[PDB]
Amino acid sequence: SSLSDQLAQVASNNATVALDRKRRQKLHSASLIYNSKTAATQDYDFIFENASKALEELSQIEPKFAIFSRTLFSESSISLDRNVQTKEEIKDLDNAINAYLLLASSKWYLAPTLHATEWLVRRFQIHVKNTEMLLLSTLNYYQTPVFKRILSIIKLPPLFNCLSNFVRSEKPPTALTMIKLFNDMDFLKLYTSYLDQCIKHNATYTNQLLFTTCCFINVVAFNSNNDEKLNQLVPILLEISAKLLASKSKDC
Amino acid sequence: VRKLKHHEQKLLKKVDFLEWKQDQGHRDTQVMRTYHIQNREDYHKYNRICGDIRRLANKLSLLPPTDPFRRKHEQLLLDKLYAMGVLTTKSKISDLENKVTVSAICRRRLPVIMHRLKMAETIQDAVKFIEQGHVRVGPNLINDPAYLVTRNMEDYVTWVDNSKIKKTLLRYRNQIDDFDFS
Amino acid sequence: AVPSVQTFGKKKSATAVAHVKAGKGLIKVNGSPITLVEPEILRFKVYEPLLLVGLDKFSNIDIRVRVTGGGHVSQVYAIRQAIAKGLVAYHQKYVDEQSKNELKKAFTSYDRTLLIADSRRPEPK
Amino acid sequence: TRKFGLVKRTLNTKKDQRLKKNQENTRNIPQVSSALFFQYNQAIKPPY
Amino acid sequence: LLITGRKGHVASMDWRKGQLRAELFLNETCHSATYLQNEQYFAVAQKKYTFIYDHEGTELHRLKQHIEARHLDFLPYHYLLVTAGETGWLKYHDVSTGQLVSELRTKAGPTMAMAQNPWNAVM
Amino acid sequence: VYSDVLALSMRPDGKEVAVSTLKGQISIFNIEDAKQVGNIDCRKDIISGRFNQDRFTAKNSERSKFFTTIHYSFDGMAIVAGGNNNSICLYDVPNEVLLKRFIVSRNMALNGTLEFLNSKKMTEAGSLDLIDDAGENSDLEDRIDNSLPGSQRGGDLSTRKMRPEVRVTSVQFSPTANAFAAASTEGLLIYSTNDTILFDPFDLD
Amino acid sequence: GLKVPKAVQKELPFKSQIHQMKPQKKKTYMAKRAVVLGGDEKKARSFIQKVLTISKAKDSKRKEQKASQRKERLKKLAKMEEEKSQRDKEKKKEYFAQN
RNA sequence: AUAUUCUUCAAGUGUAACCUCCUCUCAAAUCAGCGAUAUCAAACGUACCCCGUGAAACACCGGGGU
RNA sequence: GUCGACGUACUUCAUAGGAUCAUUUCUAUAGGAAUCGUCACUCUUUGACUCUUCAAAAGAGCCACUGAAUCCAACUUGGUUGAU
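Protein chains in written order, with UniProt numbering: chain A, 2 to 253; chain B, 2 to 183; chain C, 3 to 127; chain D, 7 to 31, 41 to 63; chain E, 125 to 247; chain F, 514 to 718; chain G, 1066 to 1164.
As structure tokens, then:
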């Protein structure tokens, strides 16, 4: 290809690597709670105080968050940057954070999860590295003001190209544009592999599991003409509903 | 660099990264813009000739004045340098050292002549029409923008026939004739 | 849009602006049919580009001709010039090329004045 | 689809700001004095 | 990083991050280039004339001198661009003032290999 | 005539004149009368090259679609024409149809050969033939570009800074033996029939 | 005003072709549409056209008053220039009469 | 020091270092001011009938219309 | 016939007192202000980059597969109990 195509490919792989001070003051400045001026002037040490104080409240709501204070939200996990570590160790940082956003996604209306994930946003760079499991865990809150903030950070993946006009928009992403997401044949194959991952931990909640079907009904509805499109659709949908019946949960 | 301070100034009275005495005022760039010439080495390909005029002017000035060689020989040369059209008048013999400039030889360029004869609107736009292939000299169309044109040959530049730019001109006067397929 | 071709025709000081477009087969001169040209003896001097090549080739086209200048005769040499030029410059544009060289060889053998303006520029002896 | 009349990008001198010589880029009418007459200067009195 | 094609690339990339400062396509051949005093000012060795470029791709100077340049080097404590081409001569161009310091006849023919000494600034 | 004429030639009868205008078309006039016998159309059957430095398709450039020479055969029945194009022609004069079209040369080295250049030569900034390979060369004498700026068809071949164009300048028939020589860029061509490996019978029973 | 002959006006170069708008005869729809406020607005649209007439002519008379006194002042000014011209000649004799 | 190496001074219509003037200021074109042949609208002017105000004036009060 | 001599008439010739900038410190003068390893925010100027108007011109050309946007046809939903 050209030069500037290949030389912008290096930019994606070093999207988090703070090199100049101005590169740091753009990456560190974006976050969930604080605005762009007051975010850049605070340590990780400041953020870890508010997180570990908030995370102990979430441990009181349910004891499942107690384990992450041993590993991710521990005091020793301030010095570790992602970029310094090997390739095997990063996938364990993903598999902790992927296990975290399952438990986080249920208590998402509450104020302490907003202060809890933000240290896991700003120290662990989940708004760049793994924004699929960040967004797929929080895809059902599209009307809420917390998801409007989540859009205002993330460089959107190539699969979520329907929401790309709603990044840093005034009004929330409307209900039909959520269907244009699920109308794609590839974006469903995430939301299968998100859900069959979510059932195995048996943490699937009521408002989430409605918004799955309320999209999965409409995908059948928008494709009720094209009999070819439906023919390639049910290896995606019926294999969910096969595994969605295997659940212990009556609600699933 | 920095708009260095007053005490920085006096130690760096002479440093400058943009403008050098070697660079000679950037005269070569300054006339490349006014005539819009494509490749950079084109200037000093003329300025070697335009200097070689003056070196022949100088040694022909060092011959004694009542020499029927010397009186014959620069008037032999001003015949040619006026026919080619680099210099405006034939009368002065000291035009040959004073008025022979590169900007004189760089305005018998073809796109300047298409701007002098009011063919194209500007001088960049004439390069745009030469490179696309709308202009011609007699039979054959010309495609190098940097075609020198003799003052004698300056009569014969026209738009190339059946072109889409000689068709539009004839529509303005409501005088097309498609038996010519203009 | 509309496929048209504009050709000129010129005798002494008379122009002839013949627009030729694809149509039904009407042939007008100054907003009047060609069967009503003035001098009435020279009406067959303008039927020459109709009848030399054959009247079939006008079945799909329109010939709008408007003339100014000249006299009674020297306009009739302008409408026979601009109809011949307007016919033979529509077959090189919007119909087939081999039609055109059949026409340009037909008008040539009959009278070359149909195509190119016979300019009677002076001569000093 | 490359543009026509392309030329090597080079340094403007008449327009650029980094050059030293190109780095550079309410009326006032003083009232004639309230002392002064046409030429008489009616204020000056001894001591001077 | 600075790279030069033998045919026409000159790319003054930033390298860690993915930004691209200047990409000049030169239809003359090009042999070598170095950054002179920062990332900002670099100097390619063209077909005949060593040019001095800027971070945007601008020309700053067409060096009339340095009339062949196969091997081109800078040494940073003297602001002193050095060339040695296929002409034997060895020229040092003090790029702060623009005044050529010293032109040196090598007597040995076309310079096949040149590299500076960092400790000493002899070459 | 209709457009600029160039390169006339007269039949050895002394009664006809063959012309080559700039519209491509070759016309044949009488002399004792001013009228014309006929004209033969040459704009289509001319092959034209796209040069390396061009910006137009080879189909719609007006460089080479006329004929800068014509010569009647001594029979008075055939015209050979040749211009700044890549092709030579043999028109029959009464039947008004070309007989055979000769490509002068097939060289990538010369410019006016190809109707269609390769696409892999076109890099985003420019063709990969216009790049100066002159500085790569080992000797001194090759590297010295002394080409004057806009010198076309000039004095030496060094002073072009272009590849040489394809043009057939002047064409004549032979007097004797069905030959005709066309003077090219590559050098003077000679076409002939001295083979006679051909079965051209006449009145066979 | 000058009226260019049309045979001169026809073969003019494109830079200088004189723009002469033909009058319109077939009534436009817009000139059959638009509303003109009458009554009270007419008394306040006649008046603005009656004020701007006064202030254009009060300017173009007082602006003419300056160029009437410009002509008088430069006649008085050149008379002072002529005395400083001739007397400056006389000093450079009485200077060089010493030298 | 025992022909080269090193050193000192002198001279060169010697100089691709270094000083200096030229190699820019067009038989050019745009934009801005000015502004004509013209144009659209409005007002005002002339004549002509109509309506309000008024008791009324061929109203010397206002208005509408062609 | 033209050129001198004399007379007449006009044109022309000399400036001086200061101050600052000019040398990689120093223009000669002590009567003068400038030696600092920078971290932020605001504001202004210039440059690219993508579209683009006055306004075109030319397409390194042709095929094959896959993807998208617009415009009708169709269908569905809402719509005189009021769509635009």
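We put the beta carbon where it would ideally sit given N, CA and C, even for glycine.
Alpha-carbon spacing of residue i relative to residue j, whole angstroms
| i | j | result |
| --- | --- | --- |
| E:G222 | B:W21 | 6 Å |
| F:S632 | E:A167 | 32 Å |
| A:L231 | A:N224 | 6 Å |
| B:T102 | B:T151 | 17 Å |
| F:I592 | F:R614 | 12 Å |
| E:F175 | F:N624 | 32 Å |
| E:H133 | B:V158 | 37 Å |
| residue 205 of chain B | B:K91 | The question about residue 205 of chain B has no answer here: the residues shown for chain B are numbered 2 through 183. |
| B:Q25 | B:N59 | 23 Å |
| G:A1099 | G:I1119 | 29 Å |
| G:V1069 | B:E122 | 26 Å |
| A:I151 | A:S77 | 27 Å |
| B:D179 | F:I616 | 32 Å |
| B:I54 | F:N598 | 38 Å |
| B:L61 | B:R71 | 6 Å |
| E:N151 | A:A9 | 25 Å |
| A:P64 | A:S37 | 33 Å |
| C:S34 | C:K23 | 17 Å |
| D:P61 | D:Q54 | 18 Å |
| B:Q125 | B:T35 | 10 Å |
| A:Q126 | A:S138 | 16 Å |
| G:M1095 | G:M1086 | 18 Å |
| B:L13 | E:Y165 | 19 Å |
Closest Cα partner of residue i within the set the options
| i | options | result |
| --- | --- | --- |
| residue 141 of chain C | C:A86, C:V39, C:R45 and C:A3 | Residue numbering for chain C in the displayed model covers 3 to 127; residue 141 of chain C lies beyond these limits and cannot be assessed. |
| F:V550 | F:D558, F:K557 and F:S540 | F:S540 |
| E:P234 | E:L214, E:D218, E:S226 and E:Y177 | E:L214 |
| A:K251 | A:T132, A:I200, A:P236 and A:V235 | A:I200 |
| F:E575 | F:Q685, F:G562 and F:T582 | F:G562 |
| E:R186 | B:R3, B:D162 and B:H45 | B:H45 |
| residue 720 of chain F | F:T709, F:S705, F:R680 and F:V530 | This structure gives no information on residue 720 of chain F, because the portion of chain F shown stretches from 514 to 718. |
| C:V19 | C:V67, C:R114 and C:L117 | C:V67 |
| A:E133 | A:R123, A:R124, A:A117 and A:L157 | A:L157 |
| C:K13 | C:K26, C:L57, C:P5 and C:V69 | C:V69 |
Cross-strand partners of residue i (DSSP beta bridge)
| i | result |
| --- | --- |
| C:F10 | C:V19 |
| F:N543 | F:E529 |
| A:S13 | Per DSSP, none; premise fails for A:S13. |
| F:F693 | F:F686 and F:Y704 |
| B:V2 | DSSP output for B:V2 lists no bridge partner at all. |
| F:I616 | F:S600 |
| F:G551 | F:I541 |
| B:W160 | B:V136 |
Contact test: residue i Cβ vs the ligand NAP heavy atom, cutoff 7 Å
| i | result |
| --- | --- |
| D:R15 | Among the components modelled here there is no ligand, and therefore nothing to report on the ligand NAP. |
*Residues of the stretch 110–122 of chain C with Cβ closer than 7 Å to any Cβ of chain F, in chain order*: Here the close residues are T110, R114 and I118.
*Should the stretch 10–21 of chain B be regarded as contacting the stretch 214–230 of chain E, the criterion being three or more beta carbon pairs within less than 8 Å?*
Counting Cβ pairs under 8 Å, three or more are found: they touch.
*Taking a Cβ distance cut-off of 8 Å, strictly less, list which residues of the stretch 175–196 of chain E are near chain B, in chain order.*
Contact annotation: in the stretch 175–196 of chain E, residues whose CB is within less than 8 Å of a CB in chain B are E183, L184, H185, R186, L187, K188 and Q189.
*asked:* Could you check whether the stretch 181–199 of chain A touches the stretch 235–243 of chain A, counting it as contact only if at least three pairs of C-beta atoms, one from each stretch, sit closer than 8 Å?
replied: Result yes; three or more Cβ-Cβ pairs closer than 8 Å.
*Contact the stretch 634–643 of chain F vs the stretch 81–90 of chain B: 3+ CB pairs below 8 Å*: Verdict: no, contact absent.
*Count the CB pairs spanning the stretch 211–230 of chain A and the stretch 180–189 of chain A that are closer than 8 Å, and state whether there are at least three.*
Judged by Cβ distances under 8 Å, the stretch 211–230 of chain A makes contact with the stretch 180–189 of chain A, as three or more pairs qualify.
*Report the residues of the stretch 660–692 of chain F with a CB closer than 7 Å to any CB of chain E, ordered along the chain.*
Legend: CB atoms of the stretch 660–692 of chain F lying less than 7 Å from CB atoms of chain E are not found in any residue.
*Is it true that the stretch 138–148 of chain A meets the stretch 108–126 of chain A, where meeting means three or more beta-carbon pairs spaced less than 8 Å apart?*
Taking 8 Å as the limit for Cβ pairs, the verdict is that the stretch 108–126 of chain A does touch the stretch 138–148 of chain A.
_Within 9 Å of chain B by C-beta, residues of the stretch 92–107 of chain C in sequence order_ = Residues passing the 9 Å Cβ filter: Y92, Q94 and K95.
*chain F contacts made by the stretch 139–166 of chain E, where a contact means CB separation under 7 Å*: Taking 7 Å as the Cβ-Cβ cut-off against chain F, the residues of the stretch 139–166 of chain E that qualify are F149, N151, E152 and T153.
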